[PDB]
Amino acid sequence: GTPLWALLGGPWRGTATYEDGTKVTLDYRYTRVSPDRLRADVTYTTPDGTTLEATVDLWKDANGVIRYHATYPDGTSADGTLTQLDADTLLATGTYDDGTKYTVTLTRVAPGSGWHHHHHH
């Protein structure tokens, strides 16, 4: 539950910190935009060098919570919620398609011109 705009702004580059330490970089691009919804194509990059591809549908529900659905080329789906932790970080929590749950800290990359560390609390 967080205002939608917090996801468009900034540079379209982030890093997904998984629960175990695995970091996967996200290069994403917003294609369509609605007052209620947002669509975007996303490209992941593992630490070993493997890429992926996704189309993610973001939307705010009735009660104001941010929910998302992600479609991958492995026939694999993901569904969850996005809670903003600070201006650059939002926590995804959700369930994959086979049922396995997960939690991922999606942080955004800040430029060199300024303070990279962002607690913002």
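From 1 onward, residues are counted along the sequence shown.
- For the pair 86 to 94 and 32 to 40, the mean Cα B-factor is higher in 32 to 40.
- The mean Cα B-factor in the deposited entry runs higher for 71 to 79 than for the other of 51 to 59 and 71 to 79.
- The entry assigns its greatest Cα B factor, within the set 22, 103, 107, 25, to 22.
- When the CA B factors of the chain's modelled residues are split into thirds, the value for residue 14 lands in the lowest one.
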